[PDB]
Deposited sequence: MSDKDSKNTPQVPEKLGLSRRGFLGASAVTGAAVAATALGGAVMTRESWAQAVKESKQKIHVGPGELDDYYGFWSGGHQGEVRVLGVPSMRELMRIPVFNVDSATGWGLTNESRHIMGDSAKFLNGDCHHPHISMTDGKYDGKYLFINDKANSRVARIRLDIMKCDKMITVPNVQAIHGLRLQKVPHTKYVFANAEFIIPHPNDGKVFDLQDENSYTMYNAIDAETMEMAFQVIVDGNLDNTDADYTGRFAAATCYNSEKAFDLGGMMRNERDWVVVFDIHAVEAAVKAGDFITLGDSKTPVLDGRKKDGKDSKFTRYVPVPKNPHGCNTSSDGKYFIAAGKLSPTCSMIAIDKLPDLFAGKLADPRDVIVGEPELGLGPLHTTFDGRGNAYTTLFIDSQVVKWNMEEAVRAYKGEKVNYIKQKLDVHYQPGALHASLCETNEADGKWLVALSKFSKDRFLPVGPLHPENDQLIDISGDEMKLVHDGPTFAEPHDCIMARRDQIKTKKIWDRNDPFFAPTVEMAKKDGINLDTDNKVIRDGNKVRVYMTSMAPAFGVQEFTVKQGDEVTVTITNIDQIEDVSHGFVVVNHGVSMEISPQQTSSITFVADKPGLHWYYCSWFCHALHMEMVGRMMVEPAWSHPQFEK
């Protein structure tokens, strides 16, 4: 019987971390599960006034040139794995809007790396290699574009118009390789060996299967081209006059397949039918024979095609042998047994459908706890539905997404909580509490602000102790420690037009004692947590006295942790 506790009362703690995509708002969100409360916001592609992400020098360095963009469009959060189990190291997420992949360090809960994927448009589907560990992040670029895209050729049917499958080195966050494909890429997942990955494609469509070992072999042998000014190795996984690449096989699957999900037992890539009221089950164990040319037809790797309902979009797994698929049109989650569907495909009279649960309304993605791992525990399911209609109080023309928590621990799915969320997160990922280990206090050697430590060294500054103003032409570099309730530099004087950099090192050793730094009427704001160094650059374009203050309540005398910038007129 499905009978888990859903109430986390005061003083009790949640059992799982939930990492939510920030949707069109561009951040990542940390929730407690089963309470479904938001514990933290992690800025990624958004500009965060609170912490200064997008304003500070540390964040803009990580964002690189893409720091000029104030927007992102997220869908697919995933956690790094070792031996097919979450290892708690990194979270990765896509940006469809400006074609990026971001990495979040789960010990500090900050974005620490970001890459603009070269020569593509719109990074949408994203999942991680599972085995032996997450060596690659796999990222779909959705839209076909000309190559080069220099304005001479606009024809999307041109032989050099295509999109590409993208592999990013998870640890260095540099491109590993790109594979040109036929069609548009939708979603993607990886097997439990490291050899295979797959993606659904549109524009009978197909699942494209990648022999990653073959791609890697060709990269090591130098058998690749490069595109534009990117050194990324580029392999051609397209068909040519009906001849296959060594890198890809195209498996025909009903029109416009959508979700592409690897079962936790490693047996299946499951492509959701969308327009077809079905899912197609690709047997991963038959893929070696497919690439060796031992099979008669690419369709032979299909071992199941359960008929489930109207509008199947995504599938997840309880680790007990059941799959759970969203039905967008029927507005349900359908629970079905995978091995029984396989036997049905062979012609046996067996009902593989176990239950349909109405959800509210029009579900897109769904996620069961630990479903992307061989430890899928079958305890919780989140279905993320697009049209909340009357499930929450009206709040004007815009509506929240309805992310519904479902107890799947027993034979019967039970709906237990409706969670409204902002800007359509689309998908989420859960981890056991003991799978995530966070720092309470920053390490002074942390790579996040290591470039700022290096700049301080060029100025002769010991960030742990010093309170000094460095003059350098029209550049002014203030360095200070902060200890509640006092800034280490409480006043400084500059010339109108000077470019001011303020570097603050929080030397409080008490956990949870955050400081802020805001320069009034200059658009300057940032947070500095214990033992962190943060810095921000602005031009003092207004003569006169200009106050700065600590924004984060840190002390009974917080309101008086302030300072003065005096700007002498030109």
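In this entry, the deposited residues absent from the coordinate set span 1-54, 258-271, 639-646.
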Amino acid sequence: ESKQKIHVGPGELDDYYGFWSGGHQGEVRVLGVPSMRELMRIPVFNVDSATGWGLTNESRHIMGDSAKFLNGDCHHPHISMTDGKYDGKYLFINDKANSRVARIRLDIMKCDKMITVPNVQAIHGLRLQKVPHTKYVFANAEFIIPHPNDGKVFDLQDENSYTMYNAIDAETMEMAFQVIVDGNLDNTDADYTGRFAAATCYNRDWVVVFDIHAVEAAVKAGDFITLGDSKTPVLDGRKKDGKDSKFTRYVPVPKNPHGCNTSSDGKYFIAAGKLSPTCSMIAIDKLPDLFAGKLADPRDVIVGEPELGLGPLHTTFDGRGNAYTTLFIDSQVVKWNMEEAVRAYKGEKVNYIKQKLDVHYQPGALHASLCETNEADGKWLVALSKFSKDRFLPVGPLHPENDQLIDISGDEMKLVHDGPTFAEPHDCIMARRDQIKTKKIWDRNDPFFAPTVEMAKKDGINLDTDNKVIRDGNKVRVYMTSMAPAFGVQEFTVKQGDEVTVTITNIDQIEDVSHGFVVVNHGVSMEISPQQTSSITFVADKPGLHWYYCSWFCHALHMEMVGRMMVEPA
From here on, numbers count along this sequence of modelled residues.
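When 371-379 is weighed against 210-218, 210-218 comes out higher, by mean CA B-factor as recorded in the entry. In this entry, 329-337 shows the higher mean Cα temperature factor of the pair 92-100 and 329-337. Ranking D189, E142, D107, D155 by the C-alpha B-factor listed in the PDB entry places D155 at the top. When the C-alpha B-factors of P118, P420, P77, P485 are ranked from the entry, the top spot goes to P485. Residue-level temperature factors show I507 in the highest third of its chain, judged at the C-alpha atom.
The deposited CA B-factor of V253 belongs to the highest third of values across its chain. Sort the chain's modelled residues by C-alpha temperature factor and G259 lands in the lowest third, per the entry. Split the chain's modelled residues into thirds by C-alpha temperature factor. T134 is in the lowest one. Per-chain ranking of the deposited C-alpha B factor places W20 in the lowest third.
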